[PDB]
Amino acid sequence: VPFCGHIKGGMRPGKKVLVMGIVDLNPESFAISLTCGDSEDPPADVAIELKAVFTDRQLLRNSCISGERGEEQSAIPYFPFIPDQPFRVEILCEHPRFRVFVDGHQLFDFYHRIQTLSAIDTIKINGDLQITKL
């Protein structure tokens, strides 16, 4: 059962989504996604999915439109999440892309695949973490 939070008005240039939480002691993974609506059984389209996989220390990004996954991106300077450690994730919506910050610094960009930004009105979170803010 994933957490779903509504984002009134959806995304738009300049809007920033903030997620703060604490990684579990022996995490396997977690995901933070912005989606269109919060439907689960017909999964709602995912504009951007941030998936932290601890075994490989990878932070994978992708989208899902009509069930089709896009190109998976993984390039990062370092894996920012540490077991049992607090983290801050901020997703800034810019015209051509989302710019993602972790603990206050830009880590990567994710260019828009789902073009109607206002339809991206849901934040979905699930996995091995405890959400503390937003």
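Residues carry their position along the shown sequence, with the first being 1.
Taking only CA atoms, the mean B-factor in the PDB entry is higher for 40 to 48 than for the other of 97 to 105 and 40 to 48. Across the residues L59, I82, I32, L92, the deposited record lists the maximum Cα B factor for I82.
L117: CA B factor in the highest third of modelled residues in this chain (values from the PDB entry). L18 sits in the middle third of its chain by CA B factor, as recorded in the PDB entry.
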